[PDB]
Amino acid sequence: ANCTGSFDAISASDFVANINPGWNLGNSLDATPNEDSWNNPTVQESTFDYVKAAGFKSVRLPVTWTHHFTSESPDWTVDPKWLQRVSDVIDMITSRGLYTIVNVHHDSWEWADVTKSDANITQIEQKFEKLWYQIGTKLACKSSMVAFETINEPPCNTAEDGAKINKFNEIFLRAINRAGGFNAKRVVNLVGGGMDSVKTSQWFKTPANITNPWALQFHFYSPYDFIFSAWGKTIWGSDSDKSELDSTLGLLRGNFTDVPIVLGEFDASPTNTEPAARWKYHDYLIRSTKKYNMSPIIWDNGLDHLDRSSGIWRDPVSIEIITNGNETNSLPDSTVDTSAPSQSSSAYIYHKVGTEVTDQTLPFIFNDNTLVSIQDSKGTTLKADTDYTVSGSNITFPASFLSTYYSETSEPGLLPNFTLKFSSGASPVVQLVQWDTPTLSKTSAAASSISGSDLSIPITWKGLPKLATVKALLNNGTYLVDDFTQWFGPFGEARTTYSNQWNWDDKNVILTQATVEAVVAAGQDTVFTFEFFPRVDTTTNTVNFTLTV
């Protein structure tokens, strides 16, 4: 390959500084078999106008190559139309002034999984080398704003696996260097096992005689329970929560003291996480990437953050937090005690149908900013000292003001919200919610009658149309799954896990087919308690469904 442009060489350190912060074009070129095969339509270039406008400096471009080969051994030819598609999307990004990182993505487990017992490691190496030679050839003449990343989250359980991941980095470096063009001075992102901080620290080794400018990329989706909505965890922000996060990043940095580091994916998704906890978490994560000189890139699958059809960011507070890391954020406080028998959140003003409208006081973590103004979502700035007062860290809304937004009898649902403008940092949003205890169309079912598939139960949402968690208890008191949640306090004991065991959609709460098969195996009627926000206690805002055996 021969290039006719110029190339502005950049060090890995300067590249990693320049890309902070990044955003992922998730579930697109990484979707299988085609870019519109999952939830997102065909990629359109205005999507990158929105990303640029929000303050991101870079776009990570996950690409899954598995379903775009037109031959197998020994050439492993990639469809030139797919290589052209990847090339053109990269051009969409860099022509708007955004840096790019492009990779090999779900290939990692679809065919390149070195941990499977039947894996032919020779063929994996061979196909991987051909793939990166062809990618590197097609992309050889891209500017220095385009970096290459070895492979996404490669499955890796043992040090023997970790040597094979090191070999991936070497095969990759050799392929792109033979491809030529500008690749010898192109910034690259090398990877460790599962892209996990500990596996990387344990087994990653710099490729001998490396000459590309290089950075290490890892992903961070901890703590599991909050990020994946496991075991009823719906809070984040205690001293130990922060210590676990700060430690995980610091032990990684402590093993790679002079290596530029890219945090290539993270996300407390607005779809499943509670906002006040989510904002404390994103705030603390950004603070920690700044402590340990890491550049973060948020994961967004198309439904998490940006709506690409409208340009609306579903969670504007998180985006502000991530794109303005030099600024201190004032945040709504929230319960962070797992032993607390009630959970509160200053990201919300909650009112129950059929109760009187009362004053509501929301504690905030001001972090030495001042409150400048508040504005509702209809465009009205509220009147300070009439519509709200400030006392210390507390923001109080009087009952007479709130009674202009809801009453004892108005319908349950989402009402206007309030955007709080502070001296500096992000502008948090307080969502008014009129809520009641949801009802279900059905209260029991035989498990035998409804197996082979998920169980969808129609529901009348009354307030937030989201599920917080599901408790599952056999008739004799044994937990349906995961006995160890008995140590997780009043809101965690006997609770089950999002997507694995339960879900929800617009009209239904859902028990998965695996959940149903667990009941049949237990041989015992099981009570499912669907639990909703607010989590004022363990029973009030909840409804039961019994699977019979």
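The first residue of the shown sequence is 1; numbering continues from there.
Student: Mean Cα B factor from the PDB record: higher for 184-192, or higher for 325-333?
Tutor: Per the deposited B-factors, the answer is 325-333.
Student: Could you settle it for me: does 339-347 or 116-124 have the higher average Cα B factor in the PDB entry?
Tutor: Per the PDB entry, the higher value belongs to 116-124.
Student: For the C-alpha B-factor as written in the entry, point me to the maximum among 508, 513, 64, 496.
Tutor: Comparing C-alpha B-factors across 508, 513, 64, 496, the maximum falls on 513.
Student: Could you check 371, 230, 263, 102 and tell me which one carries the biggest Cα B-factor in the deposited entry?
Tutor: In the PDB entry, the greatest C-alpha B-factor among 371, 230, 263, 102 is found at 371.
Student: Using the temperature factors of the C-alpha atoms in this entry, rank residue 88 within its chain: lowest, middle or highest third.
Tutor: Its C-alpha B-factor belongs to the lowest third of this chain's values.
Student: Is the Cα B-factor recorded for residue 279 in the lowest, middle or highest third of its chain?
Tutor: It belongs to the lowest third of the chain when residues are ordered by C-alpha B-factor.
Student: Could you look up the Cα B-factor of residue 379 in the entry and say which third of the chain it sits in: lowest, middle or highest?
Tutor: Residue 379: CA B-factor falls in the highest third of its chain.
Student: Sorting the chain's CA B-factors, does residue 37 end up in the lowest, middle or highest third?
Tutor: Its C-alpha B-factor belongs to the middle third of this chain's values.
Student: Thinking about Cα B factors across the chain, which third does residue 25 belong to?
Tutor: Lowest third, going by the recorded CA B-factors of the chain.
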